[PDB]
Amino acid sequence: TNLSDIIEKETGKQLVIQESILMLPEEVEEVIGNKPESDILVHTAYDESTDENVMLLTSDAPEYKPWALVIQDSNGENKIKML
């Protein structure tokens, strides 16, 4: 699993990707601010140690190019990192 390796590399977290969604560029913009050139896959993991949702944002399969990382707290606040 390279996808969780990227997450580990960025956060030091060793996590299991539990789910994904595909988002249109315009949906992304409203959440991330910056607008991607195409669809992005939201790879969602949970980390109970800190109770945060960790979501890695990549390009569509099969390329999976990292584009951003979101760490979201219990309250739903997003910390957004561009990759």
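Take the two forms, superpose them, and find the largest set of C-alpha atoms that agree within 1.5 Å; that set is the rigid core. Numbers for residues come from their place in the sequence shown, where the first is 1.
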Worksheet, complete the sentence: Should one compare 11-19 and 62-70 by root mean square Cα distance from the shown form in 9 other deposited structures of this protein, core superposed, the larger belongs to 11-19
Item to complete: Name the higher of the two by mean Cα B-factor in the PDB entry, 68-76 versus 5-13.
Response: 5-13
Worksheet item: Comparing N34 with the other modelled residues of its chain, is its CA B-factor in the lowest, middle or highest third?
Response: highest
Practice prompt. Could you look up the Cα B-factor of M23 in the entry and say which third of the chain it sits in: lowest, middle or highest?
Written response: lowest
